[PDB]
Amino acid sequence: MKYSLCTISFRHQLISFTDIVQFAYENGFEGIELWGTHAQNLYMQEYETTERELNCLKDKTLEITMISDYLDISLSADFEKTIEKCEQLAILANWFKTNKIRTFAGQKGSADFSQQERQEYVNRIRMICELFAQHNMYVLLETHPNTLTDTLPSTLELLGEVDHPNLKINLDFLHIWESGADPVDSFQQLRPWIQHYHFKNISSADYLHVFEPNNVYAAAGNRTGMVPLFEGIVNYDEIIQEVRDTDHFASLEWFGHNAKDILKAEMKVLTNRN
């Protein structure tokens, strides 16, 4: 299958886009999943250096797989401001040559929505899908705890409620496993909507809270329990056997220390495992 690197793995170190691309290339990645804030800042302040890089990506068998961001469609949100952000993301996706935008479906668990709140959010996701459909771009909701996609049945339900051809899924197997669902079974049920994967692992359920966004974004955040794919509790042998003959990128979503060492080691094992 095709592996991608996420620039979010480098959120706590000083490194240039040029050096990320070179690292991706020399380690056999075929894609880069570009964090939205990185995309935006390259466009504003590194436009020429970035354009030169983009013009050789293809020569290195690299591409931008997706831009991964956060669209606020909560009731408290200034929705016109969210729409303006979508329009800027479509500009960035055009420049980076990607047709996918990752977002999250809400900021609390499905069980905590009233049927009325869940209705208003379905309508807003639909609106965002119709905006991106003009640009022939897909909106991928990531499967995540504390969102509407925090369980397999809620995710399936959401997809049926929005009922739009440009709404797709970024399947994050760790979070799917966390919800109590079987990873292969979730893949099989979500297959018609999947366009991308996230692969990460944890040593034990005891440490799942290290993936809470606030902990992930904090420089001094806890990394205990974050482990390479074949060294954690989720069974990546079974997952990769299922997904390896789909066409979608799987990002190695590493949030721990020493990203380059971990990523480099991961790719050697991924290419050679049985």
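One rule holds for the numbers: they count along the sequence shown, beginning at 1.
- Higher average CA B factor: 230-238, of the stretches 214-222 and 230-238.
- Between the stretches 37-45 and 62-70, it is 62-70 that shows the larger average CA temperature factor.
- Among 187, 79, 197, 95, the highest C-alpha B-factor in the deposited entry belongs to 79.
- When the C-alpha B-factors of 112, 130, 163, 117 are ranked from the entry, the top spot goes to 112.
- Split the chain's modelled residues into thirds by C-alpha temperature factor. Residue 124 is in the middle one.
- Ranked against the other modelled residues of its chain, the C-alpha B-factor of residue 90 as given in the entry falls in the lowest third.
- Per the deposited record, the Cα B-factor of residue 75 falls in the highest third when ranked against the other modelled residues of its chain.
- Among the modelled residues of its chain, residue 159 has a C-alpha B-factor that falls in the middle third according to the deposited record.
- In this PDB entry, residue 19 carries a Cα temperature factor that places it within the lowest third of its chain's modelled residues.
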